[PDB]
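Same protein, same chain, two forms; see structure 1 and structure 2 below, as structure tokens.
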Structure 1
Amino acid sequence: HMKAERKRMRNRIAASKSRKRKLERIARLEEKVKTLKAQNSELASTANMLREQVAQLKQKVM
């Protein structure tokens, strides 16, 4: 098995990698929220589009 000092080096490395991956996770989650919100905004504007569509078509029919 690894000697004490070498074990400390490997664990220092593991700690830094695990802390780094925690930052990456936050960044991934934040970016998901962002694009979900913008997707959301585009669908909302679409429904608004299709709603002014149907009101117009209803006027043509009658």
Structure 2
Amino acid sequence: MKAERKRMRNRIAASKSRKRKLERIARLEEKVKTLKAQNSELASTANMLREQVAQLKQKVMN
């Protein structure tokens, strides 16, 4: 009448914990997907601005 209920408190918490752990992974998986995608877009813009540095140097130097 004391120990039997107490195990229940433990399993429910354990279930919350196992489930919560998975969600943290799902949230984690989504982030790697967002980061690679955002990052590639930035590398191109870094290059686009970079192309100009070579381009302006020819235009300005003259």
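Counting starts at 1 and follows the sequence of structure 1. Residues that one form lacks are left out of the comparison. We call the rigid core whatever largest set of C-alpha positions still superposes within 1.5 Å between the two forms.
- Superposing the two forms on their core leaves just one of 23, 9, 47, 15 with a Cα displacement of at least 2 Å between structure 1 and structure 2, namely 47.
- In this core superposition, residue 34 moves its Cα by 0.5 Å between structure 1 and structure 2.
- Taking residues common to both forms and aligning the rigid core, Cα displacements of 2 Å or more over three or more consecutive positions between structure 1 and structure 2 occur only in 44 to 62.
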